[PDB]
Amino acid sequence: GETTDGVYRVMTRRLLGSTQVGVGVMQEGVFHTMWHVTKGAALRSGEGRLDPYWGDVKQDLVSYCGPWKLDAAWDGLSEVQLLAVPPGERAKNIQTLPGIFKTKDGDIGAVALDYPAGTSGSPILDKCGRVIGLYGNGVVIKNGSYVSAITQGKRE
Amino acid sequence: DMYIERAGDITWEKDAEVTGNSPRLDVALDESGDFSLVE
Ligand SMILES: Cc1cnn2c1CNCC2
Ligand SMILES: Cc1cnn2c1CNCC2
Numbered sequence: 016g017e018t019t020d021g022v023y024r025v026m027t028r029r030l031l032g033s034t035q036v037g038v039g040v041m042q043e044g045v046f047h048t049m050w051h052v053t054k055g056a057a058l059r060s061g062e063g064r065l066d067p068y069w070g071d072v073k074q075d076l077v078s079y080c081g082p083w084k085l086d087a088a089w090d091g092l093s094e095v096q097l098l099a100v101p102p103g104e105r106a107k108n109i110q111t112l113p114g115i116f117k118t119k120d121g122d123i124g125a126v127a128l129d130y131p132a133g134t135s136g137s138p139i140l141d142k143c144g145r146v147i148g149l150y151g152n153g154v155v156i157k158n159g160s161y162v163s164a165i166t167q168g169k170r171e
Numbered sequence: 050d051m052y053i054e055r056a057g058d059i060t061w062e063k064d065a066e067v068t069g070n071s072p073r074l075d076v077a078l079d080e081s082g083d084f085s086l087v088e
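These protein sequences, in sequence, are chains B and A. Residue numbers for the first sequence follow PDB author numbering, beginning at 16 and rising by one. Residue numbers for the second sequence follow PDB author numbering, beginning at 50 and rising by one.
This is how it looks when you write it as structure tokens:
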């Protein structure tokens with residue numbers, strides 16, 4: 016199948032028509048997405064099969080064909096871009112200054128942008144084009160707005 | 050059966066639309082990977 020680096024839609028034909036369940040990042044021959052998008056199931060790229068390699072429900076991440084490769088981190092100061100790939104719509108860059116999720120285990124950047132659930136797995140980038148995490152694991156706050164963590168994995 | 054389709058290159062775009070606020074929130078992450086607001 017297709018192994019070129021870049022952003023990909025994750026689709027299913029199980030429901031009515033063709034439905035976009037999420038998005039992911041192909042980098043260094045490894046496909047990276049959020050666990051809730053695939054539930055750890057195998058994927059197809061044309062006639063090729065991608066098998067899960069690593070995953071963790073708590074981090075809400077999964078890699079296919081190899082170990083997690085993305086290790087860039089938000090610097091805690093600068094604006095970043097969500098490369099949103101919404102269902103049925105063209106990929107689009109949105110620039111924003113992340114907020115913070117404060118947890119008992121440390122602070123994590125968060126992006127206050129609301130897109131349909133099938134946009135989960137879209138990459139968040141720094142100014143050099145490096146993927147600093149994936150969009151789609153978040154919370155609804157007081158005023159009803161959605162805020163996603165910048166979820167990044169560990170490169171072993 | 051799930052399948053993937055290429056949607057684009059991963060690049061920073063100059064003069065992309067700039068939006069969104071920057072909230073500082075206390076949150077908790079449970080064993081199921083779900084975040085919740087702590088108050
Ligand atoms: C990106 C994502 C994932 N789940 N949800 C969203 C946004 N709208 C609320 C539900
Ligand atoms: C939007 C969605 C669906 N299932 N899960 C999520 C996010 N947290 C991990 C589990």
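Heads up, the beta-carbon is just placed ideally off N, CA and C, and yes, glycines get one too.
- In the three-state reduction of the DSSP assignment, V87(A) falls in the coil class.
- Near chain A, meaning a CB-to-CB distance below 7 Å, the residues of the region 96-116 of chain B are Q96, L98, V100, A106, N108, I109, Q110, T111, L112, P113, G114, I115 and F116.
- Not one heavy atom of ligand 1 falls within 7 Å of the beta-carbon of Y52(A).
- Judged by DSSP in its simplified three-state form, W83(B) adopts coil rather than helix or strand.
- Every beta strand (DSSP E) of 3 residues or more that sits fully in the region 62-126 of chain B is shown, in chain order, as 63-65, 67-71, 76-79, 95-99, 107-111, 114-118 and 121-126.
- In the three-state reduction of the DSSP assignment, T134(B) falls in the helix class, which pools H, G and I.
- The region 30-46 of chain B and the region 156-171 of chain B do not touch, with fewer than 3 CB-CB distances between them shorter than 8 Å.
- Only those residues of the region 56-71 of chain B whose C-beta falls short of 9 Å from the nearest C-beta of chain A are listed: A56, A57, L58, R59, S60, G61, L65 and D71.
- The beta carbon of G16(B) lies closer than 6 Å to those of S60, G61 and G63 in the same chain, with the five residues before and after it left out.
- In the DSSP assignment, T53(B) falls within the unbroken alpha helix (DSSP H) covering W50 to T53.
- For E66(A), the beta-bridge partners assigned by DSSP are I109(B).
- In this structure, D83(A) has its CB at a distance of at least 7 Å from all heavy atoms of ligand 1.
- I139(B) sits in a strand when the DSSP states are folded into three classes.
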